[PDB]
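See structure below.
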2 protein chains.
Amino acid sequence: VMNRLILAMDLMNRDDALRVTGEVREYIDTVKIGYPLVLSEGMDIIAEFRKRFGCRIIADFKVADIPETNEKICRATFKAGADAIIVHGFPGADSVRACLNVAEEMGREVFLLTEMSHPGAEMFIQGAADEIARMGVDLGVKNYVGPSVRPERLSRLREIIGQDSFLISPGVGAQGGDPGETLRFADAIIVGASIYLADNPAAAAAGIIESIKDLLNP
Amino acid sequence: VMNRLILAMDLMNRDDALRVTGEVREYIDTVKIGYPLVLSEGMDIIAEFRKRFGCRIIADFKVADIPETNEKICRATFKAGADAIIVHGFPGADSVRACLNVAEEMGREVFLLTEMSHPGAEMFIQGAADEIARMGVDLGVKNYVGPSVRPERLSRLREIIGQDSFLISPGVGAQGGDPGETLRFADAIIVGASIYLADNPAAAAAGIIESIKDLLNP
Ligand SMILES: O=c1cc(O)n([C@@H]2O[C@H](COP(=O)(O)O)[C@@H](O)[C@H]2O)c(=O)[nH]1
Ligand SMILES: O=c1cc(O)n([C@@H]2O[C@H](COP(=O)(O)O)[C@@H](O)[C@H]2O)c(=O)[nH]1
């Protein structure tokens, strides 16, 4: 992940999407694309992004259905060109395994979302996060997503998943997470509104990259 | 819901979807449309279904993001003409409230998914299900989704939500739930593959209904 910085492109608008991303392409080669954009402009928006930019794309679909439906979702997502897909753990091991199977059958990647950055996450998710993380480990998951906003559960997550696993962390910028601190445990940070909304996308990104310049490489 | 029967249109081919749904319109006026089809053909498939069949559409997106992102998803979804959207409870009250807001601010409905039909659901969901349903009641949620395959959990769900709430239940047909016993608690059953993968979907819909006959009306 170039500069350890993944853009969360949640603009809901094909033209502003391709424009903010084009304006920051110099700084990032990895884009997270979620339902805000995909439901607004269609799954073809993924390809148009691979063409224009030759970036990597993480489909942030928070897959959370029964195993049979999860398989269909993954299959469809990977057909539209996504390099990876983000899957919920709370639905349990069979739902996560359904995604893993399709991923490998198609040589792509699954990220397991173990925990979330918003206040409601404390209600049910936080209490299960350790067991969801261990479930991921037992399942052979290598990629994880954890919240930058509470650094101390990132650390626990790192404990459980080992330094072998790849960890990416949202909640940076808009939600108040510190990029520097997050990267103590996370391999890459995810940043949305801080970049794509601000007056000067390019400058907001470069300001972020400077702030963590001592954390770049390799 | 006509004949208390909701078609889960999980065909991923547009042509096969528009056609099988066409063949059962006699029997059903409410279609659940989920990500298998939407990710294959686009959000426009919802409006198209609406302007061919004049049916209510439940957008089964198992919304499960932070509040900010949930809002964008609900807006995008309702703008493509969905009458309702299905939202996960596990991410907590703020995420669910986020959807309830767009819905109320757009005269639409939210369904709260409290518990699921697959074996994996026992891992984390089952243990939180009562508390998630109670959270639903407190938020003022009026529509719910619960699994037909675990009849004692349905009964339990009905206790908590009241007879005032609308309850729809999947897992009938393919996953082994019986329509009759389910409707003892649920207002409507959801049926997917046991209809849409049948040689004569029309026929299959009738066998379910004919067999449901004593539970029809009002
Ligand atoms: O726990 C999580 C998991 C996420 O995927 N996200 C996602 O990360 C992005 C954060 O964007 P923003 O930088 O504007 O806060 C959003 O797309 C959101 O859905 C999150 O905020 N918290
Ligand atoms: O607990 C649940 C919740 C669901 O939404 N569903 C959905 O209901 C439908 C059931 O389809 P089928 O009748 O072919 O089993 C699928 O779209 C599935 O994702 C489910 O099976 N169990």
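Points worth noting:
- Given (1) surrounded by 18 or more Cβ atoms within 10 Å (Cβ to Cβ); (2) within 30 Å of B:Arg19 (Cβ to Cβ), number of the condition B:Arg153 does not satisfy: (2)
- Residue selected from segment A:192-204 under the condition within 12 Å of ligand 1 (Cβ to nearest atom) and away from every other protein chain (no Cβ under 14 Å), by the criterion farthest from A:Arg156 (Cα to Cα): A:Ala198
- One residue from B:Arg158, B:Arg153 being among the basic types (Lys, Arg), within 12 Å of ligand 2 (Cβ to nearest atom), more than 14 Å from every other protein chain (Cβ to nearest Cβ) and over 15 Å from B:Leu216 (Cα atoms): B:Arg153
- Some residue of segment A:16-26 being within 26 Å of B:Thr77 (Cα to Cα), among the hydrophobic types (A, V, I, L, M, F, W, C) and away from ligand 1 (no atom under 15 Å from the Cβ): yes
- Looking across segment A:126-141 at every residue that is away from chain B (no Cβ under 11 Å) and charged (D, E, K, R), the one that is surrounded by the fewest Cβ atoms within 10 Å (Cβ to Cβ) is identified as A:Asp138.
- Candidates are the residues of segment A:78-88 that are over 14 Å from the mean Cα position of the chain (by Cα) and facing chain B (nearest Cβ under 9 Å); the one that is surrounded by the most Cβ atoms within 10 Å (Cβ to Cβ) is A:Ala80.
- Conditions (1) touching a residue at least 60 places away in the same chain (Cβ under 8 Å); (2) surrounded by 23 or more Cβ atoms within 10 Å (Cβ to Cβ); number of the one not met by A:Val20: (2)
- Subset of segment B:89-117 (residues that are free of Cβ contacts under 8 Å to residues at least 24 places away in the same chain and either within 8 Å of chain A (Cβ to nearest Cβ) or under 24 Å from B:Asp29 (Cα atoms) (or both)): B:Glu104, B:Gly107
- Taking the criterion of being of a type in the set (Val, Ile, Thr) and either within 17 Å of B:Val191 (Cβ to Cβ) or at the interface with chain A (Cβ under 9 Å from one of its Cβ atoms) (or both), the residues of segment B:30-77 that qualify are B:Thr30, B:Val31, B:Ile33, B:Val38, B:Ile57, B:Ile58, B:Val63, B:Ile66, B:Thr69, B:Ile73, B:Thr77.
- If you go through segment B:14-29 and pick out every residue that is touching an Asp or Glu at 6+ places or on another chain (Cβ under 8 Å) and within 14 Å of chain A (Cβ to nearest Cβ), you end up with 2.
- The lone exception for B:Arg4 - which of (1) on the phi > 0 side of the Ramachandran plot; (2) more than 10 Å from every other protein chain (Cβ to nearest Cβ); (3) out of contact with any strand residue (DSSP E or B) (no Cβ under 7 Å at 6 or more places or on another chain) it fails: (3)
Each reported figure results from applying straightforward, stated rules to the coordinates on display, with no laboratory input. With ideal geometry, Cβ positions are generated from the backbone for all residues, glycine too; neighbour counts draw on all protein chains shown.
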